[PDB]
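I have placed the structure first, in the form of structure tokens, so that the comments after it can refer back to it.
Protein chains: 2
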Amino acid sequence: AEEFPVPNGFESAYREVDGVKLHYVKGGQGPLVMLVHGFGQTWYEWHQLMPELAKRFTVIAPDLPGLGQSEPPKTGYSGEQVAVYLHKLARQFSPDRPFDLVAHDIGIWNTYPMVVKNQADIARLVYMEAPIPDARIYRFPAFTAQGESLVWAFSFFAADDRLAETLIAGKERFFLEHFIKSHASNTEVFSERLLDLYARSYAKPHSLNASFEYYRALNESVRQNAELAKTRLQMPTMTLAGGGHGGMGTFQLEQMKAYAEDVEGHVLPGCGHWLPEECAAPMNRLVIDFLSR
Amino acid sequence: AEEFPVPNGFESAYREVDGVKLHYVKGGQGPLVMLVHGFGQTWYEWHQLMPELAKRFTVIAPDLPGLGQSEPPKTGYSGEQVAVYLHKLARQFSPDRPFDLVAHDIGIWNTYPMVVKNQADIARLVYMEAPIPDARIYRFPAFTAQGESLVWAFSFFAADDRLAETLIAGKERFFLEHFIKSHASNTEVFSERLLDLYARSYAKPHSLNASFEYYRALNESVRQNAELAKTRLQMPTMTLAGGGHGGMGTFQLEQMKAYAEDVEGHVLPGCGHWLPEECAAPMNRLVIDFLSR
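One line per chain: the protein sequences are A and B, in this order.
Just so we're aligned: the first sequence equals residues 25 to 317 in the authors' numbering.
Just so we're aligned: the second sequence equals residues 25 to 317 in the authors' numbering.
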């Protein structure tokens, strides 16, 4: 069974990593690039970018532990813990060469530690649409002069007593449409059909819970990154962020500069949080050109 | 049928104000004190204070429009609109002399405009545990190093698509318990019977909706207050805030200083947000003493 349609010429497979079975979609030939999705989604967010990338690279797009068709982690959900799974996965397919990394949203939280701890394993890096967990997250506002703020949901998801699962179970489809669209500038790309696909996946009880566990581990990740960030990233990096409603704007690049010696950043106008879907053409182009240098 | 037990010597009654049937509980003799409840609650949060005050004053405790047993407002839920009803209600009972006003939580939002615009009508003012809606609310953090922040619910409640009603319906009891206790230092005062009563009341579909419409109007209230605030309050005022988990701390007095010329404040150590229930005795004493001067 596949929760989402595999692109022609790609395979859907699984690999056991430290006792956890990870689902991934793989295709193409050449140097490895790993694409890591974020909250509310799965590998499928990369499905339009993958075919073009696979013309030049071996592309692998895993489901984060607990999400999509991947089993929950056995250690925990903090960035440093989850990153081990992803680093090892990538190294199964690129054991003797560095690989490229593209990550979106909590894909960042779940990769940063393995990047900083194995810098020689990472050739080039693309980060989009989310803060690296650090003290800056504590400065985002709970409420804005426009209405709901960008990250109030962090508290919702992190709340005790399984507040979020309890309220959202049975209403996953409704909640996800609200969440995704409220964070979008080009909301029209989120058809009822596409939303059905994403909602069916995260409605799996272990997936709904795993979604929130990432946020419940966020403060732990912040504490981990406080130690880890004493060494800057040395490889070429690019940040992308949406300039429209729901996007991170200049924050993405400004924070990344504290983390990387070599970074070029882009803000995409009229695009919100969901770059691969809201603004496929310019995002795809930026990523492909960057990785193809 | 009464949603909550009326204290001996008080009457539960109704008055039509501008086409809206408002419910209140009234007793005592002497000059009038109006007690205005906030979110999650009704007139009943004042039920311990009322018979002590009723010894020196005529005490009236209304249900806010749409909450408890009061009809929804016919105009709207912004502070300036709601304040009209509460002001006219008070004047029916105290046409010939100024009355006192005690307000908690969103009771503040719903009274400030009528206070600032009718200063001659207000003898003395007590505000506890909530910001007057102004730009300061945009500084509260979405998330904290300890987990869920104090006011992330502002965005949750203000969200469209009836996000809050939709998620909370059928789970009203569960949600209110978590919300109340997460904003309390003294959770023990909230018995299953007490929570049952409050939950039953706000679970009325029009009451559940009314609850969040106050937050959906919050930005409008902030804009209203930006004009109103040009005139400072001149009457004697006191602020109270909880010093423990869930409380506003020093913020309450500090904000009030910018609005009022004559203000004294207290922070109550060991108490959270729900002062009349968590810390009835010291709160009652401070209010009674302040008003009895």
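Every residue gets a Cβ at the ideal spot worked out from N, C-alpha and C, and that includes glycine.
Partners in chain B for residue i, counting only beta-carbon separations shorter than 9 Å
| i | result |
| --- | --- |
| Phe178(A) | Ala166, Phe167, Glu172, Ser173, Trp176 |
| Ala182(A) | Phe167, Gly171, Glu172 |
| residue 18(A) | Outside the modelled stretch of chain A, which goes from 25 to 317, sits residue 18(A), for which no answer is possible. |
| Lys281(A) | In chain order: nothing, as chain B lies at least about 23 Å away. |
DSSP bridge partner residues for residue i (one or two, in chain order)
| i | result |
| --- | --- |
| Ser36(A) | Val49(A) |
| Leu257(A) | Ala284(A) |
| residue 352(B) | Nothing can be reported for residue 352(B), as the shown portion of chain B is limited to 25 through 317. |
| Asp87(B) | DSSP lists no partner for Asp87(B). |
| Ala127(A) | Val60(A), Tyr151(A) |
| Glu172(B) | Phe167(B) |
| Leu292(B) | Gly266(B) |
Bounding residues of the beta strand (DSSP E) (the contiguous stretch that carries residue i)
| i | result |
| --- | --- |
| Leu59(A) | 56-60 |
| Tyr151(B) | 146-152 |
Interface partners of residue i on chain B, CB under 8 Å
| i | result |
| --- | --- |
| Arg163(A) | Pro165 |
| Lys50(A) | By Cβ distance, chain B contributes nothing, its closest Cβ being about 36 Å from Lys50(A), past 8 Å. |
| residue 21(A) | Here chain A has residues from 25 to 317 only, and residue 21(A) is not among them. |
Opening and closing residue of the alpha helix (DSSP H) in which residue i lies
| i | result |
| --- | --- |
| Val311(B) | 304-316 |
| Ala78(A) | First-last for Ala78(A): undefined, no H or E at that position. |
| residue 318(A) | Beyond the ends of chain A as shown, which are 25 and 317, falls residue 318(A); an answer cannot be given. |
| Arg197(B) | 196-206 |
| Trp176(A) | 176-182 |
| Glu212(A) | Premise fails: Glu212(A) is in no alpha helix (DSSP H) and is neither H nor E. |
| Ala250(B) | 242-252 |
| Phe164(A) | That residue, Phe164(A), is in no alpha helix (DSSP H); it is neither H nor E in DSSP. |
| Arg115(A) | 103-117 |
| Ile192(B) | 187-192 |
| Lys228(B) | From DSSP, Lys228(B) is part of no alpha helix (DSSP H); its letter is neither H nor E. |
| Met138(A) | 136-141 |
Chain-ordered chain B contacts of residue i [CB-CB under 7 Å]
| i | result |
| --- | --- |
| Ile192(A) | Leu191 |
| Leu187(A) | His202 |
Per-residue contacts from residue i into chain A (C-beta, under 9 Å)
| i | result |
| --- | --- |
| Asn243(B) | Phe167, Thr168, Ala169, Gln170, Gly171 |
| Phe199(B) | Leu187, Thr190, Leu191 |
Chain A contact residues for residue i, given Cβ-Cβ distances below 7 Å
| i | result |
| --- | --- |
| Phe117(B) | Those within 7 Å of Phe117(B) in chain A number zero; the least Cβ separation is about 35 Å. |
Whole-Å CB distance - residue i paired with residue j, under 8 Å assumed
| i | j | result |
| --- | --- | --- |
| residue 6(B) | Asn249(B) | Any property of residue 6(B) remains undetermined from this structure, which presents chain B solely from 25 to 317. |
| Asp158(A) | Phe123(A) | With a Cβ gap of about 25 Å, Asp158(A) and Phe123(A) do not count as contacting. |
| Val60(A) | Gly131(A) | 3 Å |
| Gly64(B) | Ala234(B) | At roughly 12 Å, the Cβ-Cβ gap does not stay under 8 Å, so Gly64(B) and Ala234(B) are not in contact. |
| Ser206(B) | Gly266(B) | Incorrect: roughly 13 Å between the Cβ atoms, too far for contact. |
| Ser118(A) | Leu56(A) | 4 Å |
| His47(A) | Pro86(A) | 7 Å |
| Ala183(B) | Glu172(A) | 5 Å |
| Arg80(A) | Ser316(A) | 6 Å |
| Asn308(B) | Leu125(B) | The Cβ separation is near 16 Å, so there is no contact. |
Partners in chain A for residue i, counting only beta-carbon separations shorter than 8 Å
| i | result |
| --- | --- |
| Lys45(B) | None at all; the shortest Cβ gap to chain A is about 31 Å. |
Quiz item: Relative to chain A, which residues along the stretch 141-156 of chain B have a C-beta separation below 7 Å, given in chain order?
Solution: none
Self-check item: Contacting positions in the stretch 65-85 of chain B - beta carbon closer than 9 Å to chain A
Solution: none
Exercise. Return the residues of the stretch 94-117 of chain B that lie within a Cβ-Cβ distance of less than 8 Å from chain A, sorted by chain order.
Key: none
Quiz item: When Cβ atoms are compared, which residues of the stretch 247-262 of chain B fall closer than 7 Å to chain A?
Solution: none
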